[PDB]
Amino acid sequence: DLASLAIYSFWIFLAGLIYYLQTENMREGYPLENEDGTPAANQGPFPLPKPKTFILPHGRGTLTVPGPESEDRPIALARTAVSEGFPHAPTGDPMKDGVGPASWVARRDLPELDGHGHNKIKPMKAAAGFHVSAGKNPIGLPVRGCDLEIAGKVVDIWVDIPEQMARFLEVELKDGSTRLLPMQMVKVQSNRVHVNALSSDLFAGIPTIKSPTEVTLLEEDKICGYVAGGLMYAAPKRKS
């Protein structure tokens, strides 16, 4: 009868849908690899999809996926064991080497652009006429790390123009240069900005930006990477 027919059909449909959805979600990170970078033997029952090509605006090119995957960077880790599946220890200082929770990806070394071709993210001082509109204005507050030492002072806010929201705090350090701190890893208080993820001596270590009125995708990854990693790797100096 019709109802039996409609449901049986639907299950067939749904089966196909899952297939299509699962394959679509295999456009990044596949094929699976062994711990050494070789293609693993068991890829499971789902094949890769025929690739698709995104046209990026502003002449930034195209991305076509699935495509050949590589990290395009040195990875400072080594095996802790003789078989698959254990952790990989950091060969050096994992914060500086960009591994573990301090990891960054080698994204494009240009800044994200808005719909008009302009830099998406600017320090507020060069963003006209942006201003703090509500909540405590952090500019000028001393910055404190998880060791409860002052590591610097807030000197601007980097803001996302098209979305009109705050994205980093620019902070000046003892030596006069600045660093970006992601907005989401700082707690603005009445008389200070607090940063749990980093002890004060680890601020200098924050990756820097090559031009001081813009930040590239690559640089954002290095920074956000570094600051997050601080939760694990500056647990000796926190203190809370």
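Position 1 is the first residue in the sequence shown; the rest follow in order. The term rigid core refers to the most C-alpha atoms you can superpose between the two forms while keeping them within 1.5 Å.
- Annotation: of the segments 68 to 76 and 157 to 165, 68 to 76 departs further from this form in 9 other deposited structures of this protein (C-alpha atoms, root mean square over structures and residues, core superposition).
- Rigid core superposition in 9 other deposited structures of this protein puts the Cα atoms of one stretch, out of 48 to 56 and 33 to 41, farther from the shown form on average, and that stretch is 33 to 41.
- The deposited model assigns a higher average Cα B-factor to 5 to 13 than to the other stretch when 225 to 233 and 5 to 13 are compared.
- When all modelled residues of the chain are sorted by CA temperature factor, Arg108 is found within the middle third.
- Among the modelled residues of its chain, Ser200 has a C-alpha B-factor that falls in the lowest third, as given in the PDB entry.
- In the deposited entry, the Cα temperature factor of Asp72 places it in the lowest third of its chain's modelled residues.
- Ranked against the other modelled residues of its chain, the C-alpha B-factor of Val186 as given in the entry falls in the lowest third.
- In the deposited entry, the Cα temperature factor of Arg167 places it in the lowest third of its chain's modelled residues.
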